[PDB]
Structure formats: C-alpha cells, structure tokens
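Asks: Dropping in input-v8.pdb, with PDB, C-alpha atoms.
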ATOM      1  CA  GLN E   1      15.516   9.655  30.790
ATOM      2  CA  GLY E   2      19.172  10.693  30.749
ATOM      3  CA  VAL E   3      21.278  13.383  29.080
ATOM      4  CA  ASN E   4      25.064  13.507  28.649
ATOM      5  CA  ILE E   5      27.118  16.297  27.076
ATOM      6  CA  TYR E   6      30.514  15.940  25.427
ATOM      7  CA  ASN E   7      32.813  18.566  23.947
ATOM      8  CA  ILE E   8      34.612  16.970  21.011
ATOM      9  CA  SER E   9      37.514  18.843  19.431
ATOM     10  CA  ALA E  10      38.497  18.170  15.819
ATOM     11  CA  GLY E  11      40.491  14.950  15.552
ATOM     12  CA  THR E  12      39.533  13.440  18.905
ATOM     13  CA  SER E  13      37.253  10.764  20.357
ATOM     14  CA  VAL E  14      35.284  10.617  23.615
ATOM     15  CA  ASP E  15      34.013   7.685  25.672
ATOM     16  CA  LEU E  16      30.330   7.725  26.585
ATOM     17  CA  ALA E  17      29.332   7.535  30.245
ATOM     18  CA  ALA E  18      25.967   6.281  28.981
ATOM     19  CA  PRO E  19      26.147   4.179  25.836
ATOM     20  CA  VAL E  20      23.601   4.710  23.093
ATOM     21  CA  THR E  21      21.364   1.798  22.176
ATOM     22  CA  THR E  22      18.166   1.045  20.289
ATOM     23  CA  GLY E  23      15.686   3.878  20.807
ATOM     24  CA  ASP E  24      18.374   6.399  21.787
ATOM     25  CA  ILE E  25      19.502   9.634  20.122
ATOM     26  CA  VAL E  26      22.768  11.496  19.614
ATOM     27  CA  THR E  27      23.185  15.008  18.235
ATOM     28  CA  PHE E  28      26.395  16.680  17.143
ATOM     29  CA  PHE E  29      26.209  20.502  17.231
ATOM     30  CA  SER E  30      28.556  22.730  15.236
ATOM     31  CA  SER E  31      28.457  26.510  15.670
ATOM     32  CA  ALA E  32      29.678  26.813  12.090
ATOM     33  CA  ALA E  33      28.893  25.449   8.644
ATOM     34  CA  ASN E  34      31.943  26.010   6.453
ATOM     35  CA  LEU E  35      30.505  24.612   3.242
ATOM     36  CA  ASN E  36      32.925  26.666   1.141
ATOM     37  CA  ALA E  37      36.094  25.419   2.803
ATOM     38  CA  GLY E  38      39.123  24.030   0.990
ATOM     39  CA  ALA E  39      39.362  20.420  -0.171
ATOM     40  CA  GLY E  40      39.436  17.559   2.320
ATOM     41  CA  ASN E  41      42.338  15.083   2.464
ATOM     42  CA  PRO E  42      40.087  13.479   1.344
ATOM     43  CA  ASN E  43      37.555  13.962   4.147
ATOM     44  CA  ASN E  44      36.785  17.531   5.213
ATOM     45  CA  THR E  45      35.025  16.163   8.273
ATOM     46  CA  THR E  46      33.980  12.809   9.725
ATOM     47  CA  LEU E  47      31.551  11.997  12.553
ATOM     48  CA  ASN E  48      31.630   8.502  14.054
ATOM     49  CA  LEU E  49      29.696   6.217  16.414
ATOM     50  CA  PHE E  50      31.957   3.440  17.776
ATOM     51  CA  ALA E  51      31.243   0.025  19.267
ATOM     52  CA  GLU E  52      32.747  -1.221  22.523
ATOM     53  CA  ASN E  53      35.618  -2.770  20.553
ATOM     54  CA  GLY E  54      36.318   0.377  18.551
ATOM     55  CA  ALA E  55      34.590  -0.769  15.373
ATOM     56  CA  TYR E  56      33.038   2.012  13.297
ATOM     57  CA  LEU E  57      29.302   1.336  13.746
ATOM     58  CA  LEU E  58      28.574   4.451  11.687
ATOM     59  CA  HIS E  59      31.139   6.511   9.769
ATOM     60  CA  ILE E  60      29.871   9.780   8.257
ATOM     61  CA  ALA E  61      32.374  11.428   5.906
ATOM     62  CA  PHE E  62      31.867  14.808   4.271
ATOM     63  CA  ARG E  63      33.887  15.538   1.120
ATOM     64  CA  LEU E  64      33.316  18.947  -0.459
ATOM     65  CA  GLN E  65      35.530  18.307  -3.490
ATOM     66  CA  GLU E  66      33.798  15.035  -4.411
ATOM     67  CA  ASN E  67      30.656  16.847  -3.258
ATOM     68  CA  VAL E  68      29.193  13.859  -1.466
ATOM     69  CA  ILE E  69      28.579  12.454   2.010
ATOM     70  CA  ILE E  70      29.745   8.875   2.522
ATOM     71  CA  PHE E  71      28.277   6.462   5.078
ATOM     72  CA  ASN E  72      29.955   3.175   5.994
ATOM     73  CA  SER E  73      31.040   0.849   8.821
ATOM     74  CA  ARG E  74      34.127  -1.267   9.583
ATOM     75  CA  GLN E  75      35.932  -3.294  12.231
ATOM     76  CA  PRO E  76      39.099  -1.779  13.817
ATOM     77  CA  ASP E  77      41.525  -3.868  11.736
ATOM     78  CA  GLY E  78      38.968  -4.477   9.016
ATOM     79  CA  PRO E  79      38.060  -2.859   5.665
ATOM     80  CA  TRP E  80      35.196  -0.463   4.976
ATOM     81  CA  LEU E  81      32.061  -2.447   4.191
ATOM     82  CA  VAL E  82      29.316  -1.433   1.711
ATOM     83  CA  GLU E  83      29.532   2.260   0.898
ATOM     84  CA  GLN E  84      26.371   4.342   0.824
ATOM     85  CA  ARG E  85      26.611   7.766  -0.813
ATOM     86  CA  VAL E  86      24.475  10.899  -0.751
ATOM     87  CA  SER E  87      25.324  13.505  -3.382
ATOM     88  CA  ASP E  88      25.472  17.283  -2.906
ATOM     89  CA  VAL E  89      26.749  18.207   0.552
ATOM     90  CA  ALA E  90      25.339  21.748   0.608
ATOM     91  CA  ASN E  91      21.893  20.470  -0.343
ATOM     92  CA  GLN E  92      21.688  18.255   2.758
ATOM     93  CA  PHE E  93      22.417  21.261   4.987
ATOM     94  CA  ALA E  94      19.911  23.644   3.330
ATOM     95  CA  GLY E  95      17.209  25.001   5.614
ATOM     96  CA  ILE E  96      19.463  25.977   8.501
ATOM     97  CA  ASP E  97      22.350  28.331   7.721
ATOM     98  CA  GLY E  98      25.438  29.416   9.642
ATOM     99  CA  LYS E  99      25.541  26.364  11.885
ATOM    100  CA  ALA E 100      24.583  22.719  11.857
ATOM    101  CA  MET E 101      23.478  19.692  13.779
ATOM    102  CA  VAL E 102      23.717  16.045  12.839
ATOM    103  CA  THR E 103      21.319  13.797  14.732
ATOM    104  CA  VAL E 104      21.499  10.021  14.722
ATOM    105  CA  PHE E 105      18.565   7.878  15.851
ATOM    106  CA  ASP E 106      19.469   4.291  16.712
ATOM    107  CA  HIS E 107      16.511   2.291  15.426
ATOM    108  CA  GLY E 108      17.949  -1.154  16.095
ATOM    109  CA  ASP E 109      18.144  -2.379  12.501
ATOM    110  CA  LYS E 110      19.041   1.037  11.091
ATOM    111  CA  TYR E 111      20.436   4.437  11.981
ATOM    112  CA  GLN E 112      18.312   7.405  10.917
ATOM    113  CA  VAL E 113      20.608  10.327  10.112
ATOM    114  CA  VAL E 114      19.139  13.827  10.122
ATOM    115  CA  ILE E 115      21.249  16.769   8.966
ATOM    116  CA  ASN E 116      19.714  19.859  10.496
ATOM    117  CA  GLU E 117      16.019  19.077   9.900
ATOM    118  CA  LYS E 118      16.375  16.752   6.898
ATOM    119  CA  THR E 119      16.558  12.961   7.121
ATOM    120  CA  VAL E 120      19.434  12.336   4.728
ATOM    121  CA  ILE E 121      19.386   8.550   4.952
ATOM    122  CA  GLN E 122      17.969   5.507   6.731
ATOM    123  CA  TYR E 123      21.203   3.546   7.120
ATOM    124  CA  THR E 124      20.832  -0.221   7.280
ATOM    125  CA  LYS E 125      23.360  -1.340   9.880
ATOM    126  CA  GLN E 126      26.277  -3.471   8.723
ATOM    127  CA  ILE E 127      27.622  -3.850  12.277
ATOM    128  CA  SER E 128      25.282  -3.956  15.287
ATOM    129  CA  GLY E 129      25.624  -3.291  18.994
ATOM    130  CA  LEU E 130      25.692  -0.339  21.349
ATOM    131  CA  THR E 131      27.600   2.892  20.771
ATOM    132  CA  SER E 132      30.354   3.213  23.374
ATOM    133  CA  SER E 133      32.219   6.253  22.045
ATOM    134  CA  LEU E 134      32.138   9.095  19.510
ATOM    135  CA  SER E 135      34.618  11.014  17.374
ATOM    136  CA  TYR E 136      34.883  14.054  15.115
ATOM    137  CA  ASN E 137      37.841  14.177  12.732
ATOM    138  CA  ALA E 138      39.064  17.011  10.533
ATOM    139  CA  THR E 139      42.097  19.234  10.040
ATOM    140  CA  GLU E 140      42.335  22.687  11.582
ATOM    141  CA  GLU E 141      41.977  24.324   8.170
ATOM    142  CA  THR E 142      39.340  22.462   6.130
ATOM    143  CA  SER E 143      36.643  21.178   8.493
ATOM    144  CA  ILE E 144      33.057  22.055   7.604
ATOM    145  CA  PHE E 145      32.368  22.340  11.340
ATOM    146  CA  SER E 146      33.675  24.425  14.233
ATOM    147  CA  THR E 147      36.894  23.393  15.991
ATOM    148  CA  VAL E 148      34.726  22.108  18.825
ATOM    149  CA  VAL E 149      31.509  20.178  18.303
ATOM    150  CA  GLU E 150      29.170  19.437  21.199
ATOM    151  CA  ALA E 151      27.710  15.940  21.296
ATOM    152  CA  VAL E 152      24.559  15.379  23.333
ATOM    153  CA  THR E 153      23.144  11.923  23.958
ATOM    154  CA  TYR E 154      19.616  11.088  25.047
ATOM    155  CA  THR E 155      19.547   7.659  26.654
ATOM    156  CA  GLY E 156      17.150   5.373  28.493
ATOM    157  CA  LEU E 157      14.426   6.317  26.026
ATOM    158  CA  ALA E 158      13.199   2.829  25.095
TER     159      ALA E 158
ATOM    160  CA  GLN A   1      11.577  10.435  13.950
ATOM    161  CA  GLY A   2      11.724  14.181  13.323
ATOM    162  CA  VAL A   3      14.045  17.058  14.214
ATOM    163  CA  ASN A   4      13.333  20.802  14.105
ATOM    164  CA  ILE A   5      15.749  23.635  14.894
ATOM    165  CA  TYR A   6      14.830  27.108  16.107
ATOM    166  CA  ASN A   7      17.018  30.125  16.799
ATOM    167  CA  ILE A   8      15.453  32.017  19.694
ATOM    168  CA  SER A   9      16.788  35.473  20.530
ATOM    169  CA  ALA A  10      16.395  36.888  24.039
ATOM    170  CA  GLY A  11      12.863  38.174  24.576
ATOM    171  CA  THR A  12      11.183  36.365  21.686
ATOM    172  CA  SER A  13       8.946  33.360  21.027
ATOM    173  CA  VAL A  14       8.830  30.882  18.135
ATOM    174  CA  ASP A  15       6.028  28.692  16.794
ATOM    175  CA  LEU A  16       6.809  25.001  16.391
ATOM    176  CA  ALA A  17       6.368  23.381  12.983
ATOM    177  CA  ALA A  18       6.120  20.091  14.882
ATOM    178  CA  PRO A  19       4.477  20.352  18.284
ATOM    179  CA  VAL A  20       5.954  18.477  21.214
ATOM    180  CA  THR A  21       3.799  15.864  22.903
ATOM    181  CA  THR A  22       4.078  12.945  25.302
ATOM    182  CA  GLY A  23       7.318  11.067  24.651
ATOM    183  CA  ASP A  24       8.982  14.022  22.907
ATOM    184  CA  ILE A  25      12.056  16.072  23.834
ATOM    185  CA  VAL A  26      13.150  19.695  23.576
ATOM    186  CA  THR A  27      16.619  21.071  24.272
ATOM    187  CA  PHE A  28      17.622  24.699  24.625
ATOM    188  CA  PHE A  29      21.334  25.311  23.918
ATOM    189  CA  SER A  30      23.195  28.379  25.173
ATOM    190  CA  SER A  31      26.799  29.008  24.123
ATOM    191  CA  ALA A  32      27.286  30.852  27.404
ATOM    192  CA  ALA A  33      26.621  30.392  31.104
ATOM    193  CA  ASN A  34      26.740  33.816  32.739
ATOM    194  CA  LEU A  35      26.163  32.680  36.304
ATOM    195  CA  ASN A  36      27.855  35.798  37.683
ATOM    196  CA  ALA A  37      25.687  38.306  35.845
ATOM    197  CA  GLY A  38      23.883  41.235  37.442
ATOM    198  CA  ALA A  39      20.507  40.899  39.154
ATOM    199  CA  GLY A  40      17.401  39.945  37.196
ATOM    200  CA  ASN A  41      14.317  42.192  37.084
ATOM    201  CA  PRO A  42      13.451  39.876  38.751
ATOM    202  CA  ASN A  43      14.133  37.067  36.273
ATOM    203  CA  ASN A  44      17.607  36.898  34.732
ATOM    204  CA  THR A  45      16.291  34.398  32.213
ATOM    205  CA  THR A  46      13.113  32.438  31.502
ATOM    206  CA  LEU A  47      12.520  29.450  29.205
ATOM    207  CA  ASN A  48       8.936  28.535  28.320
ATOM    208  CA  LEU A  49       6.872  25.792  26.662
ATOM    209  CA  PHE A  50       3.486  27.152  25.498
ATOM    210  CA  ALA A  51       0.165  25.493  24.716
ATOM    211  CA  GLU A  52      -1.825  26.127  21.545
ATOM    212  CA  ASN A  53      -3.726  28.897  23.344
ATOM    213  CA  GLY A  54      -0.591  30.573  24.672
ATOM    214  CA  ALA A  55      -0.862  29.205  28.201
ATOM    215  CA  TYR A  56       2.459  28.649  29.967
ATOM    216  CA  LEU A  57       2.624  24.834  30.145
ATOM    217  CA  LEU A  58       6.071  25.138  31.727
ATOM    218  CA  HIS A  59       7.710  28.367  32.906
ATOM    219  CA  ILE A  60      11.358  28.092  34.001
ATOM    220  CA  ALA A  61      12.674  31.246  35.681
ATOM    221  CA  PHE A  62      16.266  31.748  36.774
ATOM    222  CA  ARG A  63      16.918  34.380  39.456
ATOM    223  CA  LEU A  64      20.546  34.816  40.497
ATOM    224  CA  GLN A  65      19.818  37.325  43.268
ATOM    225  CA  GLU A  66      17.199  35.123  44.953
ATOM    226  CA  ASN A  67      19.526  32.286  43.943
ATOM    227  CA  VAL A  68      16.751  29.944  42.896
ATOM    228  CA  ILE A  69      15.076  28.468  39.821
ATOM    229  CA  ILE A  70      11.288  28.749  39.770
ATOM    230  CA  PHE A  71       8.965  26.394  37.879
ATOM    231  CA  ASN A  72       5.283  27.161  37.316
ATOM    232  CA  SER A  73       2.410  27.236  34.803
ATOM    233  CA  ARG A  74      -0.454  29.633  34.001
ATOM    234  CA  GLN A  75      -3.185  30.496  31.516
ATOM    235  CA  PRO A  76      -2.683  33.596  29.285
ATOM    236  CA  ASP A  77      -4.984  35.843  31.344
ATOM    237  CA  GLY A  78      -4.604  33.712  34.447
ATOM    238  CA  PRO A  79      -2.384  33.747  37.568
ATOM    239  CA  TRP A  80       0.688  31.611  38.220
ATOM    240  CA  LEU A  81      -0.381  28.307  39.743
ATOM    241  CA  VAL A  82       1.573  26.297  42.362
ATOM    242  CA  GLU A  83       5.187  27.423  42.502
ATOM    243  CA  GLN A  84       7.943  24.831  42.647
ATOM    244  CA  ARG A  85      11.403  26.061  43.635
ATOM    245  CA  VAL A  86      14.912  24.656  43.332
ATOM    246  CA  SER A  87      17.575  26.468  45.346
ATOM    247  CA  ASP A  88      21.115  27.327  44.223
ATOM    248  CA  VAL A  89      21.240  28.167  40.518
ATOM    249  CA  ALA A  90      24.972  27.547  40.054
ATOM    250  CA  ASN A  91      24.678  24.120  41.662
ATOM    251  CA  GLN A  92      22.176  22.932  39.036
ATOM    252  CA  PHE A  93      24.599  23.891  36.254
ATOM    253  CA  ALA A  94      27.705  22.261  37.806
ATOM    254  CA  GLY A  95      29.339  19.561  35.709
ATOM    255  CA  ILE A  96      29.361  21.449  32.422
ATOM    256  CA  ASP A  97      31.055  24.856  32.398
ATOM    257  CA  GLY A  98      31.116  27.734  29.924
ATOM    258  CA  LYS A  99      27.853  26.809  28.236
ATOM    259  CA  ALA A 100      24.572  25.123  29.008
ATOM    260  CA  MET A 101      21.658  23.095  27.792
ATOM    261  CA  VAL A 102      18.218  22.714  29.294
ATOM    262  CA  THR A 103      16.361  19.611  28.148
ATOM    263  CA  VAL A 104      12.686  18.989  28.773
ATOM    264  CA  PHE A 105      11.159  15.522  28.427
ATOM    265  CA  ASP A 106       7.378  15.489  28.071
ATOM    266  CA  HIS A 107       6.320  12.436  30.063
ATOM    267  CA  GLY A 108       2.575  12.981  29.798
ATOM    268  CA  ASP A 109       1.834  13.518  33.489
ATOM    269  CA  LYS A 110       5.101  15.341  34.167
ATOM    270  CA  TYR A 111       7.928  17.251  32.536
ATOM    271  CA  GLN A 112      11.426  16.012  33.358
ATOM    272  CA  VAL A 113      13.809  18.975  33.341
ATOM    273  CA  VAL A 114      17.522  18.298  32.938
ATOM    274  CA  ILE A 115      20.015  21.146  33.285
ATOM    275  CA  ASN A 116      23.144  20.061  31.476
ATOM    276  CA  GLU A 117      23.338  16.440  32.686
ATOM    277  CA  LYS A 118      21.420  16.800  35.963
ATOM    278  CA  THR A 119      17.697  16.138  36.361
ATOM    279  CA  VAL A 120      16.742  19.180  38.417
ATOM    280  CA  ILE A 121      13.078  18.297  38.844
ATOM    281  CA  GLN A 122      10.242  15.989  37.812
ATOM    282  CA  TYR A 123       7.543  18.623  37.330
ATOM    283  CA  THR A 124       3.982  17.444  37.860
ATOM    284  CA  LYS A 125       1.962  19.202  35.170
ATOM    285  CA  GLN A 126      -0.619  21.756  36.269
ATOM    286  CA  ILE A 127      -1.777  22.370  32.682
ATOM    287  CA  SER A 128      -1.734  19.586  30.075
ATOM    288  CA  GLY A 129      -1.672  19.429  26.297
ATOM    289  CA  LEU A 130       0.837  19.719  23.490
ATOM    290  CA  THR A 131       3.577  22.335  23.251
ATOM    291  CA  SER A 132       2.890  24.615  20.286
ATOM    292  CA  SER A 133       5.558  27.276  20.818
ATOM    293  CA  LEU A 134       8.654  28.227  22.824
ATOM    294  CA  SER A 135      10.206  31.381  24.251
ATOM    295  CA  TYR A 136      13.375  32.659  25.908
ATOM    296  CA  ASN A 137      13.119  35.935  27.816
ATOM    297  CA  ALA A 138      15.857  38.083  29.320
ATOM    298  CA  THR A 139      17.352  41.556  29.018
ATOM    299  CA  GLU A 140      20.413  42.253  26.896
ATOM    300  CA  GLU A 141      22.532  42.831  29.999
ATOM    301  CA  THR A 142      21.631  40.244  32.660
ATOM    302  CA  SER A 143      20.710  36.977  30.932
ATOM    303  CA  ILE A 144      22.516  33.859  32.134
ATOM    304  CA  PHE A 145      22.450  32.625  28.530
ATOM    305  CA  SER A 146      23.762  33.834  25.178
ATOM    306  CA  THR A 147      21.776  36.418  23.203
ATOM    307  CA  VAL A 148      20.667  33.581  20.945
ATOM    308  CA  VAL A 149      19.634  30.165  22.214
ATOM    309  CA  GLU A 150      19.080  27.267  19.826
ATOM    310  CA  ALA A 151      16.043  25.107  20.518
ATOM    311  CA  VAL A 152      15.968  21.610  19.047
ATOM    312  CA  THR A 153      12.889  19.412  19.212
ATOM    313  CA  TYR A 154      12.767  15.656  18.764
ATOM    314  CA  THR A 155       9.266  14.593  17.783
ATOM    315  CA  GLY A 156       7.380  11.493  16.697
ATOM    316  CA  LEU A 157       9.259   9.487  19.312
ATOM    317  CA  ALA A 158       6.315   7.726  20.976
TER     318      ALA A 158
END
Translate the structure of the given file into structure tokens.

Replies:
Amino acid sequence: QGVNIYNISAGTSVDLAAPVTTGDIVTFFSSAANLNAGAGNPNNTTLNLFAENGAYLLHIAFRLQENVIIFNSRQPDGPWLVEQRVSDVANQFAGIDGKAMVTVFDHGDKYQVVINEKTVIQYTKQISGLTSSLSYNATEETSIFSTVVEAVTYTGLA
Amino acid sequence: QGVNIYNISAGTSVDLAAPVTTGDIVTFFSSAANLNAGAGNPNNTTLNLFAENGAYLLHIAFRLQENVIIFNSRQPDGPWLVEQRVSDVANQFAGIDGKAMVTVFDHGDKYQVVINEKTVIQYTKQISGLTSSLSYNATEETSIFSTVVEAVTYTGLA
C-alpha cells in the first residue's frame, strides 16, 4: 500500500515516516559486497530496526574475522539479550555477487531475515512493537556494504 | 515469504523463478534518474510485467519529449489496449533525487504503481494472470535509468 525510501550512510540512523509493523517489509540495498574487507572492530557492519523508544528490536552484526552473523535485541540502556549466531558470512551471501540486499519481514512473533535470496534465520522476537527507525553502522574502511545503503519499506500490507 | 533478485540490463528480459501473483510486489531499482536525457524513440525507457505467454500484463513507457508516462497492456501478437496516461514525468519522480525505484503491487483486479514514494496510478488490469517474466527496454544513450536495473520480487505474501 505504501513505499518509503531512505538513504542511510554508514554510521547513521533514519526515522521512518511510516513505521513498519506486522505484515510489513524492509529491504536494505548495498551496491557493494566487500566480503574480503579488513577486520571489524569488532563489527564490520550492523543493520538495525529500532523501536519508538530506541530499543534495538533487531540487531544484525556482520563480523568477517569471527566469520559469523550475530542477531540480537536490547533496550537503550539495557544489555544484549539472547544471542543467535549464523556461521559463515560469505555463505549467506552466495547466489548474488557484487552487491547485496537484506530483507526483513515482520511476522509479528518473529522477523524473517533474507540475505539476497536466502532466508538466513527466522528470528524469534525478544522485544516486540513497531519499527520506528533504522540504522546502518560501519567504519569508512571495513564495511561489507557501500558507504550508502538504500532502505525501502513496504507498509500497510496487512 | 520469498525474495528473488534479478539484474536486468537495458533492452533485455528475465524469467522469474517465483512468479508474481495477487498480493505480491516487484520493485525495479535504478541507480540513476536521467530526467534530462535526449528524446526517446519514442520511449526513453519501458518497464514490463509479462504473462506466461509473453503478453504485456503491464507496460510502463516513459517519454520525456511527450512528457508523459504511458500505461497499457497487450497480447504478444495483439494491439495495445486502452491507453492510460500520466502527464509530467519529472513530477512523478519528485521527492527522491539522483536515483529511482518503481514498485508494482499486484492487487488482483489492479496494479498499484508507485514511483519512488508516490502512487502514480491504480491501473485497472486489462489482461489478468500471474507475472512470469520482466523486462527493461531503452537505448544506451537515452534511458532515464541506469544501464542495469535491479528487480526484486517479494512473493508468497498472500
């Protein structure tokens, strides 16, 4: 029903004009896929869906060195909750080369995360509610994505 | 439920591994928005959703010179049906500059077309059925989009 486009530069957040809720979709598009970049500190790149109060509803962290993708949630002044890990970063991106897209489906009780065309995990939510903002963090030298990542939300779907 | 990514170069078509049906979404992403390009011949750019038999379920033609976007449908060896026109090409793209995305929502009886963040038209279908393939046509010199346009489909939504 509705589409919104956001240009997110590395290390910045953006507020959504249309929050994402159950039944909605969000896709992060990177024109690059630097899977052979230097080590993160410790994260090479992070993608995040935030609640109205700034809590990390979904934190996606890519670490080339540890060679794993971490998924977690946490309140603004709170600790990371239960960590979910998916091993082999490059493997999750296989299929589409040179660029990448991370799509998150809000399924109410879980977040379905698809890297390129592969569903990497069905994340059981640890914090619920609507997604009010987004962020993409990484340094200028070791991000696995382009300096700018386009985020596109599809809302009013349910 | 499912995501598929296709790289479509100007003047080519691609077959979908997952056809698009009622409730599904397709987005064409262009890293450029050449709204000041030379005249089309007559189309500067066209985006198409095709049926299993190759019929044009939805034909989107951008003509800078005529300064209008045309929407129509037709069978492979048939004539264009009822033409729907939207005047002022640049106006439909306003809001997002430098790049562009055309999203099509298959609503069963109609196709909702969103250019960037603006719903440009609720197209009453003249030919029904599932979308089996996609295409992006334009010359190498006057397309309003980049040489390569990424198409992303979101299927299994209904």

Asks: Would you mind listing what lies within 7 Å of residue 120 in chain E as number ranges by chain, with all atoms listed in the file counted and same-chain residues fewer than 6 positions away left out?

Replies: E: 92, 113-114

Asks: Could you please select, counting all atoms listed in the file, the residues of chain A within 6 Å of chain E and state them as a PyMOL selection string?

Replies: chain A and resi 3-4+117

Asks: Keeping only C-alpha atoms, write those residues as a short mmCIF file (atom, residue, chain, number, x, y, z; two decimals), in the frame of the given file.

Replies:
data_model
loop_
_atom_site.label_atom_id
_atom_site.label_comp_id
_atom_site.auth_asym_id
_atom_site.auth_seq_id
_atom_site.Cartn_x
_atom_site.Cartn_y
_atom_site.Cartn_z
CA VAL A 3 14.04 17.06 14.21
CA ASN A 4 13.33 20.80 14.10
CA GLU A 117 23.34 16.44 32.69
#

Asks: The PyMOL selection byres ((chain A and resi 90) around 10) - which residues does that actually catch in the file I just gave you? List them as a PyMOL selection string.

Replies: chain A and resi 33-36+64+67-69+87-89+91-94

Asks: Could you state the separation of CA of residue 37 in chain A and CA of residue 86 in chain A in Å, given to one decimal place?

Replies: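 Atom-to-atom, CA of residue 37 in chain A and CA of residue 86 in chain A are spaced 18.9 Å apart.
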
Asks: Which polymer residues have any atom within 9 Å of an atom of residue 111 in chain E, counting only C-alpha atoms, with same-chain residues fewer than 6 positions away left out, as a PyMOL selection string?

Replies: chain E and resi 58+104-105+121-125

Asks: Residue 143 in chain E: which residues within 12 Å, counting all atoms listed in the file, same-chain residues fewer than 3 positions away excluded, as a VMD selection string?

Replies: chain E and resid 9 to 11 30 32 to 47 61 to 64 136 to 140 146 to 149

Asks: Quick check, in Å to one decimal: how far apart do CA of residue 21 in chain E and CA of residue 48 in chain E lie?

Replies: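 One can read the CA of residue 21 in chain E to CA of residue 48 in chain E distance as 14.7 Å.
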
Asks: Find the residue from A:16, A:55, A:26, A:8 that sits nearest to residue 77 in chain A; use only C-alpha atoms when measuring.

Replies: A:55

Asks: Hey, what's within 10 Å of residue 126 in chain E if we count all atoms listed in the file and toss same-chain stuff fewer than 6 positions away? As JSON, numbers by chain, please?

Replies: {"E": [56, 57, 58, 72, 73, 74, 81, 82, 109, 110]}

Asks: Could you work out how far CA of residue 19 in chain E lies from CA of residue 71 in chain E, giving the answer in Å with one decimal?

Replies: 21.0 Å

Asks: Could you write out as lines of an AutoDock Vina configuration file the box around range 57-70 of chain A (axis-aligned, all atoms listed in the file, 6 Å on each side), with centre and edge lengths in Å to one decimal?

Replies:
center_x = 11.6
center_y = 31.1
center_z = 37.5
size_x = 29.9
size_y = 24.5
size_z = 26.8

Asks: Given the file shown, determine the residues that the PyMOL selection byres ((chain A and resi 14) around 6) selects; report them as a PyMOL selection string.

Replies: chain A and resi 13+15+133-134

Asks: Can you spit out range 132-145 of chain A with N, CA, C and O atoms, as a PDB file, in the first residue's frame, from the structure just given?

Replies:
ATOM      1  N   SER A 132       5.146 -13.850 -15.105  1.00  0.00           N
ATOM      2  CA  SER A 132       6.170 -14.867 -15.312  1.00  0.00           C
ATOM      3  C   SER A 132       7.555 -14.318 -15.656  1.00  0.00           C
ATOM      4  O   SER A 132       8.564 -14.993 -15.451  1.00  0.00           O
ATOM      5  N   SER A 133       7.608 -13.102 -16.188  1.00  0.00           N
ATOM      6  CA  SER A 133       8.889 -12.506 -16.543  1.00  0.00           C
ATOM      7  C   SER A 133       8.836 -10.981 -16.494  1.00  0.00           C
ATOM      8  O   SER A 133       7.761 -10.390 -16.353  1.00  0.00           O
ATOM      9  N   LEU A 134      10.005 -10.355 -16.597  1.00  0.00           N
ATOM     10  CA  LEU A 134      10.115  -8.899 -16.552  1.00  0.00           C
ATOM     11  C   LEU A 134      11.079  -8.399 -17.618  1.00  0.00           C
ATOM     12  O   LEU A 134      11.925  -9.148 -18.105  1.00  0.00           O
ATOM     13  N   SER A 135      10.961  -7.123 -17.973  1.00  0.00           N
ATOM     14  CA  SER A 135      11.873  -6.545 -18.952  1.00  0.00           C
ATOM     15  C   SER A 135      12.033  -5.048 -18.738  1.00  0.00           C
ATOM     16  O   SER A 135      11.165  -4.388 -18.162  1.00  0.00           O
ATOM     17  N   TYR A 136      13.171  -4.538 -19.193  1.00  0.00           N
ATOM     18  CA  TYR A 136      13.519  -3.127 -19.107  1.00  0.00           C
ATOM     19  C   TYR A 136      14.137  -2.788 -20.458  1.00  0.00           C
ATOM     20  O   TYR A 136      15.201  -3.295 -20.802  1.00  0.00           O
ATOM     21  N   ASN A 137      13.455  -1.949 -21.231  1.00  0.00           N
ATOM     22  CA  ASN A 137      13.941  -1.573 -22.549  1.00  0.00           C
ATOM     23  C   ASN A 137      14.306  -0.094 -22.631  1.00  0.00           C
ATOM     24  O   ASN A 137      13.660   0.768 -22.024  1.00  0.00           O
ATOM     25  N   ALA A 138      15.362   0.178 -23.388  1.00  0.00           N
ATOM     26  CA  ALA A 138      15.863   1.524 -23.590  1.00  0.00           C
ATOM     27  C   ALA A 138      17.155   1.418 -24.385  1.00  0.00           C
ATOM     28  O   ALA A 138      17.789   0.357 -24.420  1.00  0.00           O
ATOM     29  N   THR A 139      17.538   2.518 -25.023  1.00  0.00           N
ATOM     30  CA  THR A 139      18.771   2.561 -25.793  1.00  0.00           C
ATOM     31  C   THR A 139      19.901   2.814 -24.806  1.00  0.00           C
ATOM     32  O   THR A 139      19.661   3.044 -23.616  1.00  0.00           O
ATOM     33  N   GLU A 140      21.134   2.783 -25.295  1.00  0.00           N
ATOM     34  CA  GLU A 140      22.277   3.004 -24.424  1.00  0.00           C
ATOM     35  C   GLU A 140      22.496   4.494 -24.183  1.00  0.00           C
ATOM     36  O   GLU A 140      23.204   4.878 -23.253  1.00  0.00           O
ATOM     37  N   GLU A 141      21.865   5.336 -24.996  1.00  0.00           N
ATOM     38  CA  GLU A 141      22.057   6.775 -24.861  1.00  0.00           C
ATOM     39  C   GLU A 141      20.934   7.602 -24.229  1.00  0.00           C
ATOM     40  O   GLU A 141      21.212   8.624 -23.603  1.00  0.00           O
ATOM     41  N   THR A 142      19.679   7.177 -24.364  1.00  0.00           N
ATOM     42  CA  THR A 142      18.587   7.981 -23.821  1.00  0.00           C
ATOM     43  C   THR A 142      17.699   7.408 -22.719  1.00  0.00           C
ATOM     44  O   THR A 142      16.608   7.921 -22.482  1.00  0.00           O
ATOM     45  N   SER A 143      18.151   6.368 -22.031  1.00  0.00           N
ATOM     46  CA  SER A 143      17.337   5.800 -20.959  1.00  0.00           C
ATOM     47  C   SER A 143      17.312   6.741 -19.763  1.00  0.00           C
ATOM     48  O   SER A 143      18.294   7.436 -19.500  1.00  0.00           O
ATOM     49  N   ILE A 144      16.195   6.772 -19.039  1.00  0.00           N
ATOM     50  CA  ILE A 144      16.123   7.616 -17.852  1.00  0.00           C
ATOM     51  C   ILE A 144      16.724   6.855 -16.668  1.00  0.00           C
ATOM     52  O   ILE A 144      16.953   7.429 -15.601  1.00  0.00           O
ATOM     53  N   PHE A 145      16.992   5.566 -16.865  1.00  0.00           N
ATOM     54  CA  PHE A 145      17.564   4.745 -15.804  1.00  0.00           C
ATOM     55  C   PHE A 145      18.984   4.294 -16.130  1.00  0.00           C
ATOM     56  O   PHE A 145      19.478   4.492 -17.241  1.00  0.00           O
TER      57      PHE A 145
END
